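This report refers to the structure that appears directly beneath it.
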Amino acid sequence: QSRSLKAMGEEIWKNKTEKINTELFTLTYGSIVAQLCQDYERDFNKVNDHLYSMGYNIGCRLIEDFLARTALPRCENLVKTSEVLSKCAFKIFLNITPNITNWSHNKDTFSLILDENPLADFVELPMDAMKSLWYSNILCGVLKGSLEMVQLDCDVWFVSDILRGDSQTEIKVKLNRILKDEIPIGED
Amino acid sequence: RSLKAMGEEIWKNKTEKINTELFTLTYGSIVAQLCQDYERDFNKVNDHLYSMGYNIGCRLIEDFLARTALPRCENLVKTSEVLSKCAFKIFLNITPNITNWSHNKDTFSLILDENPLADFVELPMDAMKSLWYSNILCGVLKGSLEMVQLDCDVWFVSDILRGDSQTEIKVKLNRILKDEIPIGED
Amino acid sequence: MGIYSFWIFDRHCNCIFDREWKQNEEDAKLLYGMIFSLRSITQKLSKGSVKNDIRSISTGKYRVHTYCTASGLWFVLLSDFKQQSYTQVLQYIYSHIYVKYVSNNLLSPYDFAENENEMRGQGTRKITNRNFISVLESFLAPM
Amino acid sequence: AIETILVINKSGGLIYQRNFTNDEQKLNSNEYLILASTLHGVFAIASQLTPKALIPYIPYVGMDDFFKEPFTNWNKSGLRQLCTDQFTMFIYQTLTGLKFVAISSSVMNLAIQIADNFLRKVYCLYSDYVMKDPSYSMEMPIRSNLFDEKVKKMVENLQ
Amino acid sequence: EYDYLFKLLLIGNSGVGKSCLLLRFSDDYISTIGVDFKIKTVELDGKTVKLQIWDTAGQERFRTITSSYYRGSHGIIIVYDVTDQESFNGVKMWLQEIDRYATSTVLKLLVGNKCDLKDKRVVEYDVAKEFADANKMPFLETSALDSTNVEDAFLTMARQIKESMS
Amino acid sequence: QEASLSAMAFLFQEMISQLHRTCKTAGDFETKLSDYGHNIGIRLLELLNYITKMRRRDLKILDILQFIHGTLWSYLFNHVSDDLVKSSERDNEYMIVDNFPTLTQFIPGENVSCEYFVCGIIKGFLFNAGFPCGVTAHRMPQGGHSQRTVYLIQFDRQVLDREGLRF
C-alpha cells in the first residue's frame, strides 16, 4: 500500500506539481463558455458540443501528462478506473475528489458526483441556457478523450449540474468497449 | 599446457569410474556378436561399428561439453590437442599423442598405445588381414566433431591388433558447417 | 560507454524517435518487435492482478531498459551494461521532456498519424520539435 | 527462487517444461511450446539488432558438485536475460545450441551468475539423463521419470 | 501429454494467403515479428503428435528467418501463387535456401492456393506438376477457401516422419 | 586400471538401442540381451590365472553365490551387491539383491529388460562355474529405492543333486 490511491493523489498535489491561480483559469473558461454563446447566437446545445469537442483534444494531451507523473498501468475494469480517476485525476488537476456512485449491474457506467466544482460552481445561469447548457462540458469531454487514449472507449455525459438548479452534479461515464492495437507487416 | 591439467583434475569428479575389463568385454561382446550377424563380412562390421560409434558420439558431446565447458576451439590445432589430451583422459584413461600433420592443415594422426577397447588381441586369421576393431571409436569422433560443426573424416590405418606396431586414426577437417548457433562473431 | 541509443515507440506500433552515438528505421521495426514479442511473452507469463510489463531486457553485450505507457509509448534505450536501470531517466525523459514540448502545445499535433489505415507501417518520425531534440540531447550529455 | 525451467530444442521447440512450486498453471501445453519458440526467435532477433558495439565464477550451489572452477560461457550475443517486475528469465544456451531457461519468481548482476551455474548444472544433468537414455530420440520432448527427480531436487536446494 | 514434436514451416512469398490455409484446422493471435505459430494435435498410434507449424514469412528479414528457423525441419510446406505468377517464379530460387539451411533429408511438399478464382488465375496445373516432380517434391493442390486436402498432406507428412523415427 | 562410467553407460545404451531395433517381441529382446551378458559371464571365470582358488575343485552352492554377490559386483559394477537371499519356497531358487545396478541406471523406472543383461552375466558365470542357473531379474522390491531390483537365480536339479549328496 506504498502509494494508496487517495494518498498518492494528495501527495501529488502538495509535495509536487505546478499551479496557477484558480480564478485565472475560471475567467478564461468563462470567456470560452460565454464567447460561444454569442457565436452560436443562443443555441446552448451547439456550444456544449463545442466544449465537449474541446475537451477531447485537450484530454488527449493531458492523459499523456497524467501518466507521466502518476505512472499507473492501464487498468482493465471500469471500476479501478473509477477509483483512479477520482482520487488521482481530480486531486491532481482540480484539487478535488469527486465521488463514485449510482453504479449499475454489470458496471456498465458509474456517475461521478462533483460536489465542489472548482471550475464553475459560482456562476448563476442566465434564464436562457438554464435549460440547455452544461457549463462544464469541456470537463466531461476531457474525460472521454483521456479514457480513449488509454483504450477505454466510454460515454461521458451530464444528467445533473448544480447550475441548472439540479439537486447535484453527476457526470456519467459508461464503458462501450476496450480497443485493441496490433501491427500487420506480413500476410495481411 | 593449461587444458592438459584439466583432464587429470576432471577425473576426480561426480560420475565415477568402472573396471576396464567389464567395459572392454561388453565391447568385445558386441564385436564378436556383430561378426556372426554379418556372416564374417568383416568389412560390414567396421561400417556397422562406425555407425554405432557415431550414434554414441552425437549424444556424447553433451557429456563432454557439460563436463567441461570450453571454448569452441579456433582451429585443428586447438581442437586436436584438446581432443587428445582432454577428452580421452575423461572417458577412457588414455591420451593419444597427436602427430603426423598435413600441410593444408586438414589432418593429423591420433597414434595410440593403451587401447582398453581391445586389451585382448583375438584377431582371427581371416579378419586380421582386413578389419579394424576399434571402429566404434571413430564413429564417436565423427559424431562428436560433426556435432560441434567440425565435419571431418576419421579413419584407421595401422592397428597393433593387426600387423605391426603403432595404431592411429587420421582426422580430415575437409569443411566447416555454417549452421551453428547465434554467438557474436563466432 | 553509457547509453548506446534511444528509441521512442508510437502507440500505433510506430517508430517516433531514434538516436546514435532511413537505413536506421528498419532496425527499429524489429526492435519494436523484440520488445513486442517479449512484452506479450511477459504479459501471458504473469501471475497476479497487476499485469506485469517488460522492465529490462539484457543480452550478452548490452541492454534495453524499457518503459511503457498505458497510453502506449515504449521508451526504449540501449545501455552498455555499466549503469543500473535507466528507468527513472527514461521516466523523467518522458515526463519532463515529452509532455511539455510534445503534447501540451496543441498548435502542432502529436505524431499520431495520417488518418491512413496504414498506421503501423506508414508514418515517419515526424517528431522533430527543435526543443525536444535539443533538451533531450543535452539531458543525456554524460550517461 | 525458481518457478519454471525449460529446455528449448536445439532447434527452437519446447522439449522440456516443468512449472512446479506454484501449482497454479495458467498456460496450456500448446502455448508453452509457442513461447519456447518465440524465445527462440527473439533470442535470435537480439543478436542481429546488436549495437554498433563492434569468464564466469562459481558459488558452489544448486544442490562437492559437478564442476567447481570458473567455467566458460558461450553465447555472448544472445538473449541471456529477460527481467521484469514479476520474474527474471535466464536463457542459458549450450554450444550444442541447446537453450535451458530458468524462470525465477524473484526479481532483480550476480542473479545472472546463479542461473548460469544452475542451468549449466541442469545441462549436465540432461547429458547424463537425456543422452544416456537408450529410449530417447533427440530434439524430441523428454518424457523422463529420472530427469524430474534430479531437477526437482536441484530446484529445492537453490530455493 | 504429447510425445513427438514436428516442425513444419510454410515458407513462401508474402502475397500468398498462406496464413489463411493453416487456420481452418489448427488447434483453437497472428503476431509476426519473427514467425507466427499454429500447433496441431493429431494422434498417431497412442503417441500424441504435436505438429508445430512455423508460418514463416519475410520481406525483410529474409536474413533472420533463414539461418535459425529452417534447420529443425521434418517438413516444409512451400506455397506459391495461383493469382500472382511473380510468386511461383520465386519458388525456384527459394528452394536453393532449403538445400543449404535444411540438410538433404528434409522431406518437402508443394501447394496450390488461389484455386477458387480460376475466373482470373494465371499459372496452370501442368506447369507446376513438372517442376515439383523435377525436384523430387510432391504437389497436390487445393482451393483457396474450401481445400481440406491440404490437411491430409500434413497428416501424410507426419506419418512419414514417424516412419523415419523407428 | 579403470574407465569412465559414462563411456560404459554410453556403449551399453547404444548396445540396447541397437538391440531394441532388431527384436520385435520384448521376450526375444530379454533373452537375447541376456545371451549377450552370458558370453561376458563365461569370460570372467576364464580370466582366472577372498583367496577362493575354487578352481573346478568342488565348493558348495552358497560359497559361490555369497562370493559372487559380495566380490563380483564390487569388481564389476563397483559396489558390493546388496543382499543374498536363499528362497523359502523352492529348493533351487535363490535371490541376489541390487540397489542401483551401476549399469542399468539411466534407463527410466519401468523397463526391467535392460536390467537382464546384468543378470545374464550372472547366468553365464554360474553355467561355466559348472552349476547351471537361470537368472531372471525383477524391479520389485522397491523399498526406499526407485530401481532396487532382485535377480531370480533359479538352478537346475543337477546342482541340486550334486549338493544333496555332499552337504
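Heads up, the Cβs are rebuilt from the backbone with ideal geometry, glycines too, and the neighbour counts pull from every protein chain shown. We did not get these values from a lab; they are worked out from the coordinates using the rules stated.
Tabulated values for the structure
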| quantity | calculated |
| --- | --- |
| Proportion of all alpha-carbon pairs of region C:6-69 beyond 14 Å (%) | 62 |
| Cβ-placed point charges (K, R +1; D, E -1), dipole of chain F about Cα centre in debye, nearest 20 | 420 |
| Proxy reagent accessibility, fewest Cβ within 10 Å first, across A:103, B:132 | A:103, B:132 |
| Listed pairs B:85/B:142; C:29/E:38; C:47/E:38; B:78/B:142 exceeding 20 Å between Cα atoms | C:29/E:38; C:47/E:38 |
| Rule-of-thumb Rg ratio for chain A [Cα; 2.2 N^0.38 Å; N residues] | 1.08 |
| Under 22 Å from residue E:40, Cα to Cα: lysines that are on another chain or at least 8 residues apart | C:44, D:10, D:26, E:7, E:18, E:50, E:108, E:162 |
| Spatially close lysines, pair count over chain F: Cα under 21 Å, gap of eight or more or interchain | 6 |
| Where only C-alpha atoms are counted, convex hull volume of chain E per residue in Å³ | 120 |
| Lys/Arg +1, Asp/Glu -1 at C-beta; chain C dipole; positive extreme among C:110, C:141, C:83 | C:83 |
| Region B:85-158: relative contact order as a whole-number percent, Cα under 8 Å and 6+ apart | 17 |
| Cross-link partners of residue C:82 among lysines (Cα-Cα below 22 Å; sequence separation of 8 or more within a chain) | C:61, D:52, D:76 |
| Charge dipole magnitude, Cβ of K and R +1, D and E -1 - the protein assembly as shown, Cα centre, debye nearest 20 | 1740 |
| Non-local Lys pairs in chain A, i.e. 8 or more apart or on different chains, that have alpha carbons under 14 Å apart | 15 |
| Helical contribution to [θ] at 222 nm, DSSP H n ≥ 4, -39,500 (n - 2.57), averaged over chain C, rounded to 500 | -8000 deg cm²/dmol |
| Residue order, fewest to most surrounding Cβ atoms within 10 angstrom, among B:185, A:76, D:139 | B:185, A:76, D:139 |
| For chain F, calculated [θ]222 nm from helices alone, where every DSSP H run of n ≥ 4 adds -39500 (n - 2.57) | -14000 deg cm²/dmol |
| Charge-dipole axis of chain B as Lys and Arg at +1 and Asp and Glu at -1 on Cβ define it, positive-most pick from B:73, B:103, B:33 | B:73 |
| Inter-site label distance for residue A:159 and residue B:10 at 7 Å from Cα along Cβ, in nm | 7.8 |
| For the protein assembly as shown, with +1 on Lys and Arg beta carbons and -1 on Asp and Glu, the positive-most of D:146, F:67, E:23 along the dipole | F:67 |
| Proximal charge balance of residue D:43 [Cβ under 10 Å; K/R count +1, D/E count -1] | +2 |
| Residue exposure sequence - A:26, C:128 - by fewest surrounding Cβ within 10 Å | C:128, A:26 |
| Ellipticity estimate at 222 nm from DSSP helix runs (n ≥ 4, -39,500 (n - 2.57)) divided over chain B, nearest 500 | -13500 deg cm²/dmol |
| Net charge dipole size for region B:1-159 [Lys, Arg +1 and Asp, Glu -1 on Cβ; Debye, nearest 20] | 640 |
| Under 16 Å from residue B:44, Cα to Cα: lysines that are on another chain or at least 8 residues apart | B:129 |
